[PDB]
């Protein structure tokens, strides 16, 4: 059951340590001082997320810290890396004695509750109370009279969020960048109002050298319903050259939406008008932004009301992606692919596809009407929504990448590298774990490719793309996933993930030859540490 110090050191070493140094010599003094305050606010996301993941985390940490044995130090490292006593890579197997199984409910729901109890209470509420109860930024608690009630995040986490708000406000007073001041002010305010709409708009309107993402966003930690958002931060320095090169993609979105291989009625004829894309070098992440496998890029807001009315912002973490490529993808390709396809794995393809993935998160069905009630694909699919959506983004990303190479917007060299790089990366992602949204979604795609003849298994164990079947296979899964989403068909989604969201034995064979290769990275944010020491008061 429980690993010894060497077994645990080894498990933790699957996250290759990387010192994440980011050049900040180009920033004026004032912007470094603002950045230090921002960093200080960001740090607060770490204990916030820790206690979202599990209410017993703070208590355990105090136990872990007293044990300065070598085993104890490995346990503390593992705990901090995984934000809890469960191995995120190994289907949440505990590595600390005396802990229970990882609760799907995290610390978002009533003490003692079951999923069934929560659902039954929600369904007894009037419409408006249901939407409040099932929203991103409320917890659910048992009140003194024993009945369930909704608590706004601004109230749940007030102490911590007040301190974060104060630091963002101090940052806002130091920066000379107007769009950053505005974001910082409005996000400080949102923390305490619980209304994120204005501050998300300000966030999308950012055009500054410092690109802070901070607040409650992703729902992967709510394993019951995928309703409740987790606190996170990513704080980066804008890479202007790379950002400018991508601006042209925003203009391609409405056309892609207009041509989605689904029933025409299901298409969005008017996407939100904001589609900023920013390339940044990240110099800090926290909360849900620093646990297990590192985030490479993202598309926010997730909140469909803001996204429908305004659009969404895609962020690429270039330096993180270069580390993943270098330290994981290239070594994987050497084992997973036949010798002749290894030259067709390129960072340009990897990067580009990640971009297409974030672009396509913002396209396809989101707000939908199911059985006479207006809802959202996410709300309809509940705990199945995350895996399905990641699959959709990945597969429709390829669909869109092909379209944009065809029209000349993307380089023709991507015709040679796009699918083979994706195939190597399928092995990369599936090693995140079959219960992890990206991992599960990639297993479903890869199985789809095998079942349609778009990838094949060779006799040396390696896998390879079969080009003449790839494009139609990509298009079919795009159609399947989006149509299931549009229907709000939770039962179909569950069945598909149960049947196809698995590691087939040919894939497991490759995974056994990759035990010597890291699964992802462990950032040490050396520049962020020094900024806060040098500029922080």
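Positions refer to the first chain, counted from 1.
Using only C-alpha atoms and the B-factors in the entry, which stretch averages higher, 155-163 or 99-107? According to the PDB entry, the answer is 99-107.
Which is higher in the entry, the mean Cα B factor of 34-42 or that of 65-73? Going by the record's values, the stretch with the higher mean is 65-73.
Taking the values straight from the PDB record, which of 450, 133, 174, 424 has the highest C-alpha temperature factor? The C-alpha B-factor peaks, among 450, 133, 174, 424, at 450.
Among the candidates 277, 381, 271, 184, give the one with the maximum CA B-factor reported in the record. Comparing C-alpha B-factors across 277, 381, 271, 184, the maximum falls on 271.
Taking only the Cα B-factors deposited for this chain, tell me whether residue 514 sits in the lowest, middle or highest third. It falls in the top third of the chain.
Where the record places residue 354 (Cα B-factor, split into thirds across the chain): Lowest third.
Is residue 402 in the lowest, middle or highest third of its chain when residues are ranked by C-alpha B-factor? Highest third.
Split the chain's modelled residues into thirds by Cα B-factor; is residue 465 in the lowest, middle or highest one? It belongs to the middle third of the chain when residues are ordered by C-alpha B-factor.
Sorting by Cα B-factor within the chain, modelled residues only, which third would residue 341 end up in: lowest, middle or highest? Residue 341: CA B-factor falls in the highest third of its chain.
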